[PDB]
Amino acid sequence: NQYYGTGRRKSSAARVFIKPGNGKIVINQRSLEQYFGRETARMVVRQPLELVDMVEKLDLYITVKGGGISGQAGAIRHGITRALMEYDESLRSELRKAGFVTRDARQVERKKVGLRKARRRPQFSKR
Amino acid sequence: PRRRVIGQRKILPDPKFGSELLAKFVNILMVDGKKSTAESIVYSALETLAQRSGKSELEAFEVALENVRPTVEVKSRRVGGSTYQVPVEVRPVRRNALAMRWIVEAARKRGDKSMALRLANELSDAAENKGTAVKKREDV
Amino acid sequence: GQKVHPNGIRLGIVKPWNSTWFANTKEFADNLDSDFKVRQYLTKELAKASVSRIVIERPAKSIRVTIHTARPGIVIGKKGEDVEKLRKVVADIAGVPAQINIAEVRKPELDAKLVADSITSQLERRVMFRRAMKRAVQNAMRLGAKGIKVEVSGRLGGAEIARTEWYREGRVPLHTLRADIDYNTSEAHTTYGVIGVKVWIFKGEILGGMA
Amino acid sequence: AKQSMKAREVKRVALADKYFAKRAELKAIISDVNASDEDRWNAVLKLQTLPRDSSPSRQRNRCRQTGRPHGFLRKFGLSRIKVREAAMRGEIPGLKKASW
Amino acid sequence: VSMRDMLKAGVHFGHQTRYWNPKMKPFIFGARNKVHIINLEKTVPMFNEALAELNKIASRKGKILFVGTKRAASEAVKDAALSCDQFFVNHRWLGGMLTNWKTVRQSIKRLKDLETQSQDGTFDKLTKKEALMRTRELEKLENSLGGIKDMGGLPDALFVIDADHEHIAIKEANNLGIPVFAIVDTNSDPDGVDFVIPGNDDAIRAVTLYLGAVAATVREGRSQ
Amino acid sequence: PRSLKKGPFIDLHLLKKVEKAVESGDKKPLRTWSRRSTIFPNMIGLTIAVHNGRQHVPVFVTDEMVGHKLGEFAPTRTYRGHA
Amino acid sequence: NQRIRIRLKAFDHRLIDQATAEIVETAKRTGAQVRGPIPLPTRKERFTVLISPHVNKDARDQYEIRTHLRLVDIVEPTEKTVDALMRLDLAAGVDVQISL
Amino acid sequence: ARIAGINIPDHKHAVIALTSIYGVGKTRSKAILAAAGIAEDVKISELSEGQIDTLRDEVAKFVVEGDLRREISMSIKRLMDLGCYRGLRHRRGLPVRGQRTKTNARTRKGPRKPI
RNA sequence: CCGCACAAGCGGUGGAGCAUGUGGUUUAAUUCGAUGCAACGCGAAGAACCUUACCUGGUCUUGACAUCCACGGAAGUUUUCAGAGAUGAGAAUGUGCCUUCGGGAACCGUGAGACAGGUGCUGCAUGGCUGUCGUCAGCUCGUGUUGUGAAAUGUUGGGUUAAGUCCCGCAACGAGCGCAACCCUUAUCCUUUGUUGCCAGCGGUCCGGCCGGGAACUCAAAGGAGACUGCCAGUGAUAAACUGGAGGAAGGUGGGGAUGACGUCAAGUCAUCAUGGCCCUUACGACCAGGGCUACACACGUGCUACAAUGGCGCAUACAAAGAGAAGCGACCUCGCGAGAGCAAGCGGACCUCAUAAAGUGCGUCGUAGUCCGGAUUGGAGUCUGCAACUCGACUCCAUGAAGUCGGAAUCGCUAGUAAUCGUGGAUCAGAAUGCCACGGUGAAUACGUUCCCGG
Ligand SMILES: [Mg+2]
Ligand SMILES: [Mg+2]
Ligand SMILES: [Mg+2]
Ligand SMILES: [Mg+2]
Ligand SMILES: [Mg+2]
Ligand SMILES: [Mg+2]
Ligand SMILES: [Mg+2]
Ligand SMILES: [Mg+2]
Ligand SMILES: [Mg+2]
Ligand SMILES: [Mg+2]
Ligand SMILES: [Mg+2]
Ligand SMILES: [Mg+2]
Ligand SMILES: [Mg+2]
Ligand SMILES: [Mg+2]
Ligand SMILES: [Mg+2]
Ligand SMILES: [Mg+2]
Ligand SMILES: [Mg+2]
Ligand SMILES: [Mg+2]
Ligand SMILES: [Mg+2]
Ligand SMILES: [Mg+2]
Ligand SMILES: [Mg+2]
Ligand SMILES: [Mg+2]
Ligand SMILES: [Mg+2]
Ligand SMILES: [Mg+2]
Ligand SMILES: [Mg+2]
Ligand SMILES: [Mg+2]
Ligand SMILES: [Mg+2]
Ligand SMILES: [Mg+2]
Ligand SMILES: [Mg+2]
Ligand SMILES: [Mg+2]
Ligand SMILES: [Mg+2]
Ligand SMILES: [Mg+2]
Ligand SMILES: [Mg+2]
Ligand SMILES: [Mg+2]
Ligand SMILES: [Mg+2]
Ligand SMILES: [Mg+2]
Ligand SMILES: [Mg+2]
Ligand SMILES: [Mg+2]
Ligand SMILES: [Mg+2]
Ligand SMILES: [Mg+2]
Ligand SMILES: [Mg+2]
Ligand SMILES: [Mg+2]
Ligand SMILES: [Zn+2]
């Protein structure tokens, strides 16, 4: 038996496999802390298990690529949420109330002509 | 604005302590999007505060802030076609925001060897009601 | 308030291109130059034949040219006597074997270009401009039963100060992209200078894509 | 662009084409690491004698249609103006306004 | 229809004395409770003559148009007309119905065009929103023109519930010269009604009596 | 500047002129337009009239100038002060 | 054993898919064994030019060219197949490359 | 500690200290330390006298301060008297290697004064 | 009745050095155009020669560039002298090809004219193209209707919107150009195909998806599905519409782009090109070398880097996107402190190369200083492109360490993946990006409100 989830955030994407186990996790063949110096990312990724108190019952195998550390973290969180819904759909209601189910769509905006940044324009001459 | 008005934006709770107020604090302290630097500074300052001033960390922070919160300001409205320098009671959100802004602005000035140290000193004084954010309240 | 080119926007939506040959960077620029020379020749020779458009292809190292005119007989000649000369000369300048095909424009009134060239000719013969506009427009409405607009500007009637007048009938929904707007312009020289002419001819709505 | 300009350009391209090989060989000699000093000296001296316009560097791209010396694109060999109008005609295969 | 039936139906009601209308005094029954009253015995002969005229018109297959703009009467006029297969207006009277019918013809054309698309079901070709949009537009057109889409031209004669509230239709009728059969009441002028039907224009029971009598007259006359 | 693998640079015609002059001992100035050539030691004691866009400027060569470009001793712009 | 690999490029996606349609149906009716048409990432160039004869720095437009790719692989080049697929020809707009 | 004639390096990382010598940048400073075989980060204090002596001998290899200044002066004087373009723009106190002068020459021209 | 118009917030400009444009001055020359906004990193997506239109000097006169006639010779190749070069003078040389067998086609030279040539003038003679009000919500017609007419209604009124968007009322009913929609792009799922892309479950492995194998997953690119106030509650004149809630990847134009109504400014461009017409033909046309467009008491606009411990320096170690490549991109290995050099594989490119992202994180150090901040300027010594880097290129090493410690009056930008901050790619291009056009990483604050400034 096994269950799967796919997550995305900014330019990143992640594949998540979840299985009954004592709670060990690996990301790109590295431990979570080895893959993330910043202390925030670790909760950011573990919050779904905390929310349903599953932390010690499922083992995780993770592969992720694209985007930065923050985007990856978000992608993994989303993937874990989906994986959990596959495992037990009754979790859907509380997972949505937590806001974990929603696909954040915010992405960078393209530069435009005459603007040295998206919505940034040179100082007025004031003549 | 002329056509419309809208509510303020939601923010996450602090991931270490679960308080949104502390997250707002780190945001006002943040510069150039270096959030990790700001949060390291804030965590170290609160840690040294708890071990040297007060009994507990988040509680020490909250009491130091409470010793400072302004209630009233004179910032203007003009509906009559002429400017009002009218004293008006302040919403709690703005109370906290003004207090936080003032304390960080003072820490920038205090001038100790490091920002975590400046911040801890200002905050310890604020818990002692001597942190000059009290003065920034009092002048208003 | 300058407007965009009606044909350009609708390319790849309802309008197909006039040149559909593939090439790589090592050949693109000179392919384009050869196409330019070919058209620049054919227009000069076929001025009298009332030619509308020329579409060029380069399949299998050979150039194939298709011409749309309102009256083939003038260009095709007796027993293909003269078209053969065109084939030879285009083969020469293109540097490849050449193939020519003729398509017959059936309603010259509803062709933007032909209308414009008629107007330019009439102007060059000092026919009063607005009369020509009126007759052109009314003919368009009689046959095509869909909107038309005409624009003329320059030193009209030899007036000291140049100016522009224009005329419309029916729907001309430019901002719409489904609209099968036919657009073109033409030129007329006079003793006084240049008088431009532009024409739009709506012909209905396309639903289901150019496919 | 005055006719003289395009005349100069065509003359440069032709003449430069002519002496391509000889210049290449003498460059090979001049740059060689182990060449005798006297040989390199002679080669350098002799290079001067060739017509200056022989060097490819002196050429300037100009619009095929008009010969404008600015706003050139190698892809089409045309200036920013003529390429734009020709595009609007739709004579360039597969070119379309970009909205991404 | 007789005088006491009319009284029971409230045909004799009028309006409370109101300013500046001494024109109606001739033939006023009277007044009570500060409201004027109509003479039903003028009505009986006039009303019967109106019905006789309508019977004659129906016998020659005249196209009666039933216009009701007085609120309560709009659905009743629709019922009466459709019972008779006749055309009707049950909304605000669009000014220029007759004088500007030239324009109305095009609305009829486009109504039928969209209806034909409906039978075709080709709205499915469109993007979902535009399909719904065309459907809604068709719904509005049906709502407005449904009662006249089959009329095909200017009608022969007009039935009017109340001169006091359809007065624009009276103006157009006079302009073109189309006979008007209408209820005429206190606070209303017989001017512009060719075959006046004296009687109260307000009471819904009176309206019911009028409409029943008129529809019966139409079908009896066209059936002789 | 010029690579050392390349070696110094000089225009041929100038070389022939200076060689002929020095072997002849004519010792009178040499009109030239070659601002871009480099001074070799054997040219010491000569005089070169170097074109400056307008006029050929006399110049007397001495050992300190060896290795300099000829043009470096003939200013092309003029200036005497805005005021 | 042998294997034929064919790469197709064009600017009209529909046109090139049609091309693949003919190629594959011929490979079938001739009885060869085929790997299905594999799409490959499509390149797109973009250009921009000032639209005004007398310049306004702000005023410029943008254009792009899209070139699509399809790939087909034949792992059973039966003899009659080999020549047959060189008997086929495609529209002008389609560029074909075959290799063994 | 006194080195290279009259220099008295302050007590800091030996490298930062030595740079004080006019003519000794960071690179030369590391070179000297490496040659002397001394750790770069030791204070200028707690050197034995012999260690400072080996450092004196080390620095004796490079051009001492006074002769370095003299050689700079002689080079510039040679350019000045040679009368070449670079000498002219030295004597006129203007940028010497091709910078624009319609603007942006204050470091060479000095602070602004009215025309 | 509204808008980053003000207010509320954040960060800059105005002081310093330097890059760049303009004005003035200067010069033989500093070629020309552009001027409130809506000129000033602007035409120019790239001036050492060339470019180049300016200056000095040296040369040609049917001509550099095109047709027409005559005459003479294939062409072309190699090479010598004079001259800065343009050119001039010579040498050998070629000596050919179709030839109906006449010659001709080829080219090249001289002569004769008709003509060539012009970045010369007029954007107030014009076409074409573009900016501006302004992505502002308006601009009009037909039929009908009212006034003796000049005209008016529609298009005003009460609501409601981003909107002349929609509902009600209403002497008006409609229509057209605008608005919205149809197009590209992004957010979720489904179908199809699986190499050069993919590796969940299997077998082997030196542990390298490395290879046997797999068609799951990511991803690739074609076609589908999906959001409409559809559902619920309240509100409202039962109107439209508004407020909240459910579900859902996404909720009320989901987000961004393209798309610019009638007209205003005799706005800009005769130097892209086209053209009316006026002017110059041994010269206002043409060729060549050197100079200049880069000057310098000045001052104005737009930028880049700083004045530092939220930092500087040393060591170790993570995570992208989007592009380009055939005279091209160029690995590997060897040499140099370094820019680089030698050798040389691969790839027309999901395969090969450019090319290891920086902020980040771990360790140490510096201790508030004109500093282990800052880097301008100058001396010495080198590499690379190019015939050639003096005027006048970029880059490397050593040495040298200005001014500058948060900046007046006053003023500019920004409402969310935005501001701020950190890197990568591309065009022009032998060489020459602090400019321009794109790509991603991290990632905020504030908005009472409309009165004042401002503009519909
Ligand atoms: Mg919800
Ligand atoms: Mg436009
Ligand atoms: Mg060049
Ligand atoms: Mg040097
Ligand atoms: Mg700009
Ligand atoms: Mg309005
Ligand atoms: Mg403000
Ligand atoms: Mg400044
Ligand atoms: Mg100043
Ligand atoms: Mg100028
Ligand atoms: Mg010579
Ligand atoms: Mg002659
Ligand atoms: Mg002229
Ligand atoms: Mg002007
Ligand atoms: Mg103008
Ligand atoms: Mg003007
Ligand atoms: Mg209006
Ligand atoms: Mg709008
Ligand atoms: Mg509308
Ligand atoms: Mg109305
Ligand atoms: Mg295995
Ligand atoms: Mg599959
Ligand atoms: Mg799709
Ligand atoms: Mg929607
Ligand atoms: Mg909701
Ligand atoms: Mg949109
Ligand atoms: Mg959308
Ligand atoms: Mg639109
Ligand atoms: Mg001019
Ligand atoms: Mg020159
Ligand atoms: Mg300039
Ligand atoms: Mg430093
Ligand atoms: Mg990478
Ligand atoms: Mg490049
Ligand atoms: Mg090495
Ligand atoms: Mg590529
Ligand atoms: Mg690179
Ligand atoms: Mg670091
Ligand atoms: Mg140094
Ligand atoms: Mg200082
Ligand atoms: Mg940057
Ligand atoms: Mg960014
Ligand atoms: Zn009544």
# chains A, B, ... in the order shown; residues from 1 in each chain; ligands from 1
call {"tool": "closest_atom_pairs", "arguments": {"of": "stretch 62-110 of chain H", "to": "stretch 45-68 of chain F", "cutoff": "12 Å", "atoms": "only C-alpha atoms", "output": "CSV"}}
result
residue,atom,partner,partner_atom,distance
H:75,CA,F:64,CA,12.0
H:78,CA,F:64,CA,8.8
H:79,CA,F:64,CA,9.8
H:81,CA,F:64,CA,10.4
H:82,CA,F:64,CA,7.6
H:83,CA,F:65,CA,10.1
H:84,CA,F:65,CA,9.0
H:85,CA,F:68,CA,11.0
H:86,CA,F:68,CA,11.3
call {"tool": "write_last_selection", "arguments": {"atoms": "C-alpha atoms", "output": "PDB file, in the first residue's frame"}}
result
ATOM      1  CA  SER H  75      58.961  59.370 -13.012  1.00  0.00           C
ATOM      2  CA  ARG H  78      60.488  62.882 -16.457  1.00  0.00           C
ATOM      3  CA  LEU H  79      57.002  62.979 -17.937  1.00  0.00           C
ATOM      4  CA  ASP H  81      59.993  67.720 -18.744  1.00  0.00           C
ATOM      5  CA  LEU H  82      59.574  65.385 -21.727  1.00  0.00           C
ATOM      6  CA  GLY H  83      56.711  67.628 -22.827  1.00  0.00           C
ATOM      7  CA  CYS H  84      54.498  64.794 -24.053  1.00  0.00           C
ATOM      8  CA  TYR H  85      50.707  64.904 -23.807  1.00  0.00           C
ATOM      9  CA  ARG H  86      50.776  63.102 -20.473  1.00  0.00           C
TER      10      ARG H  86
END
call {"tool": "residues_around", "arguments": {"residues": "residue B:33", "least_positions_apart": "3", "cutoff": "10 Å", "atoms": "only C-alpha atoms (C1' of nucleotides)", "output": "number ranges by chain"}}
result
B: 27, 30, 36-38; I: 420-421, 442-444
call {"tool": "write_last_selection", "arguments": {"atoms": "N, CA, C and O atoms (P, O5', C5', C4', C3', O3' and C1' of nucleotides)", "output": "PDB file, in the first residue's frame"}}
result
ATOM      1  N   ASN B  27       8.318  41.623  11.028  1.00  0.00           N
ATOM      2  CA  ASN B  27       8.078  42.321   9.767  1.00  0.00           C
ATOM      3  C   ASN B  27       8.491  43.785   9.850  1.00  0.00           C
ATOM      4  O   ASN B  27       9.165  44.295   8.949  1.00  0.00           O
ATOM      5  N   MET B  30      12.182  43.860   9.787  1.00  0.00           N
ATOM      6  CA  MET B  30      12.829  43.355   8.584  1.00  0.00           C
ATOM      7  C   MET B  30      13.263  44.498   7.670  1.00  0.00           C
ATOM      8  O   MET B  30      12.640  45.562   7.629  1.00  0.00           O
ATOM      9  N   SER B  36      15.182  36.260   7.580  1.00  0.00           N
ATOM     10  CA  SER B  36      15.917  35.383   8.484  1.00  0.00           C
ATOM     11  C   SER B  36      16.817  36.186   9.415  1.00  0.00           C
ATOM     12  O   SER B  36      16.905  35.888  10.611  1.00  0.00           O
ATOM     13  N   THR B  37      17.484  37.214   8.891  1.00  0.00           N
ATOM     14  CA  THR B  37      18.302  38.078   9.738  1.00  0.00           C
ATOM     15  C   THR B  37      17.460  38.726  10.830  1.00  0.00           C
ATOM     16  O   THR B  37      17.829  38.716  12.012  1.00  0.00           O
ATOM     17  N   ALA B  38      16.318  39.297  10.444  1.00  0.00           N
ATOM     18  CA  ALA B  38      15.455  39.972  11.406  1.00  0.00           C
ATOM     19  C   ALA B  38      14.977  39.012  12.488  1.00  0.00           C
ATOM     20  O   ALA B  38      14.986  39.346  13.678  1.00  0.00           O
TER      21      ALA B  38
ATOM     22  P     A I 420      11.546  49.962  -5.536  1.00  0.00           P
ATOM     23  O5'   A I 420      12.379  49.366  -4.317  1.00  0.00           O
ATOM     24  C5'   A I 420      12.669  50.150  -3.171  1.00  0.00           C
ATOM     25  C4'   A I 420      13.173  49.290  -2.039  1.00  0.00           C
ATOM     26  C3'   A I 420      14.421  48.469  -2.332  1.00  0.00           C
ATOM     27  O3'   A I 420      15.619  49.199  -2.133  1.00  0.00           O
ATOM     28  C1'   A I 420      12.767  47.068  -1.404  1.00  0.00           C
ATOM     29  P     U I 421      16.812  49.118  -3.204  1.00  0.00           P
ATOM     30  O5'   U I 421      17.443  47.674  -2.978  1.00  0.00           O
ATOM     31  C5'   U I 421      18.117  47.352  -1.772  1.00  0.00           C
ATOM     32  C4'   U I 421      18.259  45.862  -1.603  1.00  0.00           C
ATOM     33  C3'   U I 421      19.063  45.141  -2.669  1.00  0.00           C
ATOM     34  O3'   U I 421      20.462  45.237  -2.462  1.00  0.00           O
ATOM     35  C1'   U I 421      17.059  43.961  -2.254  1.00  0.00           C
ATOM     36  P     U I 442      12.268  31.913  -2.833  1.00  0.00           P
ATOM     37  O5'   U I 442      12.677  33.169  -1.939  1.00  0.00           O
ATOM     38  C5'   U I 442      13.609  33.022  -0.880  1.00  0.00           C
ATOM     39  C4'   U I 442      14.003  34.342  -0.260  1.00  0.00           C
ATOM     40  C3'   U I 442      12.914  35.135   0.443  1.00  0.00           C
ATOM     41  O3'   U I 442      12.608  34.638   1.733  1.00  0.00           O
ATOM     42  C1'   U I 442      14.224  36.585  -0.882  1.00  0.00           C
ATOM     43  P     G I 443      11.098  34.665   2.284  1.00  0.00           P
ATOM     44  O5'   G I 443      10.621  36.165   2.053  1.00  0.00           O
ATOM     45  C5'   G I 443      11.059  37.208   2.911  1.00  0.00           C
ATOM     46  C4'   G I 443      10.581  38.555   2.435  1.00  0.00           C
ATOM     47  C3'   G I 443       9.076  38.733   2.325  1.00  0.00           C
ATOM     48  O3'   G I 443       8.442  39.013   3.558  1.00  0.00           O
ATOM     49  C1'   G I 443      10.082  39.498   0.347  1.00  0.00           C
ATOM     50  P     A I 444       6.853  38.819   3.695  1.00  0.00           P
ATOM     51  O5'   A I 444       6.246  40.109   2.990  1.00  0.00           O
ATOM     52  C5'   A I 444       5.494  41.055   3.734  1.00  0.00           C
ATOM     53  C4'   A I 444       6.378  42.118   4.331  1.00  0.00           C
ATOM     54  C3'   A I 444       5.659  43.308   4.939  1.00  0.00           C
ATOM     55  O3'   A I 444       5.170  43.060   6.244  1.00  0.00           O
ATOM     56  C1'   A I 444       7.404  44.079   3.554  1.00  0.00           C
TER      57        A I 444
END
call {"tool": "residues_near_ligand", "arguments": {"ligand": "ligand 34", "cutoff": "9 Å", "atoms": "only C-alpha atoms (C1' of nucleotides) and all ligand atoms", "output": "ChimeraX atom specification"}}
result
/I:324,426-427,429
call {"tool": "write_last_selection", "arguments": {"atoms": "N, CA, C and O atoms (P, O5', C5', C4', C3', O3' and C1' of nucleotides)", "output": "PDB file, in the first residue's frame"}}
result
ATOM      1  P     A I 324      17.002  32.074 -28.080  1.00  0.00           P
ATOM      2  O5'   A I 324      18.558  32.153 -28.402  1.00  0.00           O
ATOM      3  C5'   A I 324      19.207  33.408 -28.534  1.00  0.00           C
ATOM      4  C4'   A I 324      20.700  33.273 -28.387  1.00  0.00           C
ATOM      5  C3'   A I 324      21.378  32.289 -29.325  1.00  0.00           C
ATOM      6  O3'   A I 324      21.611  32.821 -30.616  1.00  0.00           O
ATOM      7  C1'   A I 324      22.154  31.935 -27.127  1.00  0.00           C
ATOM      8  P     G I 426      23.654  35.398 -23.476  1.00  0.00           P
ATOM      9  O5'   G I 426      22.557  36.225 -24.278  1.00  0.00           O
ATOM     10  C5'   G I 426      21.549  35.564 -25.026  1.00  0.00           C
ATOM     11  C4'   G I 426      20.506  36.533 -25.519  1.00  0.00           C
ATOM     12  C3'   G I 426      21.003  37.625 -26.450  1.00  0.00           C
ATOM     13  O3'   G I 426      21.136  37.185 -27.791  1.00  0.00           O
ATOM     14  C1'   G I 426      19.643  38.583 -24.777  1.00  0.00           C
ATOM     15  P     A I 427      22.329  37.732 -28.718  1.00  0.00           P
ATOM     16  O5'   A I 427      21.729  39.041 -29.392  1.00  0.00           O
ATOM     17  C5'   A I 427      20.542  38.985 -30.168  1.00  0.00           C
ATOM     18  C4'   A I 427      19.897  40.342 -30.275  1.00  0.00           C
ATOM     19  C3'   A I 427      20.751  41.429 -30.906  1.00  0.00           C
ATOM     20  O3'   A I 427      20.692  41.414 -32.323  1.00  0.00           O
ATOM     21  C1'   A I 427      19.797  42.233 -28.895  1.00  0.00           C
ATOM     22  P     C I 429      25.300  44.687 -35.738  1.00  0.00           P
ATOM     23  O5'   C I 429      26.721  44.452 -35.063  1.00  0.00           O
ATOM     24  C5'   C I 429      27.584  45.542 -34.778  1.00  0.00           C
ATOM     25  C4'   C I 429      28.532  45.208 -33.657  1.00  0.00           C
ATOM     26  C3'   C I 429      29.386  43.968 -33.862  1.00  0.00           C
ATOM     27  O3'   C I 429      30.534  44.221 -34.654  1.00  0.00           O
ATOM     28  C1'   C I 429      28.408  43.901 -31.715  1.00  0.00           C
TER      29        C I 429
END
call {"tool": "interface_residues", "arguments": {"of": "chain G", "to": "chain D", "cutoff": "7 Å", "atoms": "only C-alpha atoms", "output": "number ranges by chain"}}
result
G: 11, 49-50, 62-65
call {"tool": "residues_around", "arguments": {"residues": "residue F:70", "least_positions_apart": "6", "cutoff": "7 Å", "atoms": "only C-alpha atoms (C1' of nucleotides)", "output": "PyMOL selection string"}}
result
chain F and resi 35-39
call {"tool": "residues_around", "arguments": {"residues": "residue E:201", "least_positions_apart": "4", "cutoff": "10 Å", "atoms": "only C-alpha atoms (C1' of nucleotides)", "output": "list in words"}}
result
residues 10, 11, 12, 13, 14, 70, 73, 160, 161, 162, 163, 164, 165, 182, 183, 184, 185, 186, 188, 197, 206, 207 and 210 of chain E
call {"tool": "select_by_dssp", "arguments": {"residues": "stretch 9-89 of chain B", "states": "helix (DSSP H, G or I)", "output": "PDB file with C-alpha atoms, in the first residue's frame"}}
result
ATOM      1  CA  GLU B  20       0.847  36.868  15.095  1.00  0.00           C
ATOM      2  CA  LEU B  21       2.015  39.900  17.077  1.00  0.00           C
ATOM      3  CA  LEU B  22       5.608  38.645  17.060  1.00  0.00           C
ATOM      4  CA  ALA B  23       5.372  37.995  13.317  1.00  0.00           C
ATOM      5  CA  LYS B  24       4.266  41.600  12.835  1.00  0.00           C
ATOM      6  CA  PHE B  25       7.214  42.624  15.001  1.00  0.00           C
ATOM      7  CA  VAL B  26       9.724  40.780  12.835  1.00  0.00           C
ATOM      8  CA  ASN B  27       8.078  42.321   9.767  1.00  0.00           C
ATOM      9  CA  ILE B  28       8.536  45.869  11.059  1.00  0.00           C
ATOM     10  CA  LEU B  29      12.112  44.956  11.970  1.00  0.00           C
ATOM     11  CA  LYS B  35      13.545  38.006   7.091  1.00  0.00           C
ATOM     12  CA  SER B  36      15.917  35.383   8.484  1.00  0.00           C
ATOM     13  CA  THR B  37      18.302  38.078   9.738  1.00  0.00           C
ATOM     14  CA  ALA B  38      15.455  39.972  11.406  1.00  0.00           C
ATOM     15  CA  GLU B  39      14.010  36.878  13.078  1.00  0.00           C
ATOM     16  CA  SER B  40      17.428  35.779  14.311  1.00  0.00           C
ATOM     17  CA  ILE B  41      17.898  39.237  15.829  1.00  0.00           C
ATOM     18  CA  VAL B  42      14.471  39.176  17.462  1.00  0.00           C
ATOM     19  CA  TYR B  43      14.795  35.647  18.845  1.00  0.00           C
ATOM     20  CA  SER B  44      18.220  36.380  20.324  1.00  0.00           C
ATOM     21  CA  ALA B  45      17.010  39.649  21.853  1.00  0.00           C
ATOM     22  CA  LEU B  46      13.936  38.039  23.410  1.00  0.00           C
ATOM     23  CA  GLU B  47      16.046  35.138  24.673  1.00  0.00           C
ATOM     24  CA  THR B  48      18.546  37.395  26.425  1.00  0.00           C
ATOM     25  CA  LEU B  49      15.648  39.487  27.741  1.00  0.00           C
ATOM     26  CA  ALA B  50      13.917  36.495  29.319  1.00  0.00           C
ATOM     27  CA  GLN B  51      17.158  35.289  30.900  1.00  0.00           C
ATOM     28  CA  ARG B  52      17.940  38.780  32.258  1.00  0.00           C
ATOM     29  CA  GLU B  57       9.990  35.407  26.984  1.00  0.00           C
ATOM     30  CA  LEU B  58       6.721  36.100  25.170  1.00  0.00           C
ATOM     31  CA  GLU B  59       5.202  37.450  28.377  1.00  0.00           C
ATOM     32  CA  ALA B  60       8.171  39.756  28.950  1.00  0.00           C
ATOM     33  CA  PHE B  61       7.823  41.024  25.384  1.00  0.00           C
ATOM     34  CA  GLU B  62       4.092  41.615  25.794  1.00  0.00           C
ATOM     35  CA  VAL B  63       4.460  43.447  29.119  1.00  0.00           C
ATOM     36  CA  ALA B  64       7.273  45.610  27.740  1.00  0.00           C
ATOM     37  CA  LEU B  65       5.002  46.487  24.820  1.00  0.00           C
ATOM     38  CA  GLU B  66       2.008  47.153  27.073  1.00  0.00           C
TER      39      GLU B  66
END
call {"tool": "interface_residues", "arguments": {"of": "chain A", "to": "chain I", "cutoff": "6 Å", "atoms": "only C-alpha atoms (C1' of nucleotides)", "output": "PyMOL selection string"}}
result
chain A and resi 37+67-69+103+105-108+123+127
call {"tool": "write_last_selection", "arguments": {"atoms": "C-alpha atoms", "output": "PDB file, in the first residue's frame"}}
result
ATOM      1  CA  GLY A  37      19.262  25.618   7.422  1.00  0.00           C
ATOM      2  CA  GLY A  67      12.236  27.381  -7.269  1.00  0.00           C
ATOM      3  CA  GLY A  68      13.913  28.471  -4.068  1.00  0.00           C
ATOM      4  CA  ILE A  69      13.923  27.149  -0.524  1.00  0.00           C
ATOM      5  CA  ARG A 103      -3.054  26.286  -4.271  1.00  0.00           C
ATOM      6  CA  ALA A 105      -1.107  31.132  -7.355  1.00  0.00           C
ATOM      7  CA  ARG A 106       0.873  34.346  -6.795  1.00  0.00           C
ATOM      8  CA  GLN A 107       3.742  34.529  -9.295  1.00  0.00           C
ATOM      9  CA  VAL A 108       6.290  37.120 -10.368  1.00  0.00           C
ATOM     10  CA  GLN A 123      11.451  59.774 -11.599  1.00  0.00           C
ATOM     11  CA  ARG A 127       9.686  70.311 -15.798  1.00  0.00           C
TER      12      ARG A 127
END
